[PDB]
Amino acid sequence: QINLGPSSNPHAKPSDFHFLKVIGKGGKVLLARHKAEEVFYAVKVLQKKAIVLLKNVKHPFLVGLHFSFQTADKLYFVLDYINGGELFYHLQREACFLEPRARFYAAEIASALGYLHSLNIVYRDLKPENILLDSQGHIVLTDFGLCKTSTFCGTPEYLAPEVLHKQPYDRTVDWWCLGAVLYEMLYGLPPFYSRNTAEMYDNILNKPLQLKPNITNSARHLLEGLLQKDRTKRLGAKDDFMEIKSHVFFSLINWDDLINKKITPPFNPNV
């Protein structure tokens, strides 16, 4: 019987919902419709045996928690249901995005990362699997840790080199992940990618970054800096979000209009 902070609805019980599909799994996430205002929600059920109030984590590009409740064995978090689907589902259809499109997504991710870092939070696991698109076309991040081999293929790796060789990591890992997510939007594959897992990990940890010729010098400088193996030399080490915010690549971004959703998304998902 954990107090669950102030987001607690002492009246809510799982009986108040209709659980359609299990949309995420590990502790899983479900799609459910409320039996009042017939509104669609995403409910994250965890399960007690998995042993920090917070939940004032409100950002335009992060999932919102409406309320939370508990049974006496399962833990439920009623979150916003995001309609537009994964961002990299759209990347698969097109192979790669143009720089204006990628700039918009990396700008929305950078401001959400900067906000998390101001709350002393580290995403650590920023994967395309966790980057969704709302019905209007804006970035909304999920799985930012608020609550919890193979020879070939192997699930793509976005973790910074220091995380891979179990070393002290900080907010700078998120700036590596931003560079990896951005590299993929531009080139079509995750950085250092190989079908051979041993080869891919060897690239990530010991091989210099291979930036191919068809991106602007601005994007190239940003990826070079964001994808720095040494966390002390990486973009974001000195003054976090402020270095990203001012970079040549984000010249066209008015950061105020960006957070106030006054910039039209470069694509609207048909929903």
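Numbering starts at 1 and follows the sequence shown.
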Unresolved deposited residues in the interval that joins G26 and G27
1 to 3
Select one of none, 1 to 3, 4 to 9, or 10 or more to describe the deposited residues without coordinates separating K148 and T149.
4 to 9
According to the deposited model, is the average Cα temperature factor higher in 11 to 19 or in 253 to 261?
11 to 19
On average, are the C-alpha B-factors higher in 184 to 192 or in 167 to 175?
167 to 175
If you check the C-alpha B-factor for each of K238, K229, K49, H221 in the entry, which is highest?
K49
Of the options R33, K245, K212, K207, which has the highest CA B factor as deposited?
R33
Using the B-factors in the PDB entry, rank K127's C-alpha atom against the chain and give the third, lowest, middle or highest.
lowest
According to the PDB entry, is the CA B factor of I121 in the bottom, middle or top third of its chain, that is, lowest, middle or highest?
middle
How does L87 rank on Cα B-factor within its chain, lowest, middle or highest third?
middle
Quick check for you: using the entry's CA B-factors within this chain, is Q136 in the lowest, middle or highest third?
middle
Where does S111 sit by CA temperature factor within its chain: lowest, middle or highest third?
lowest
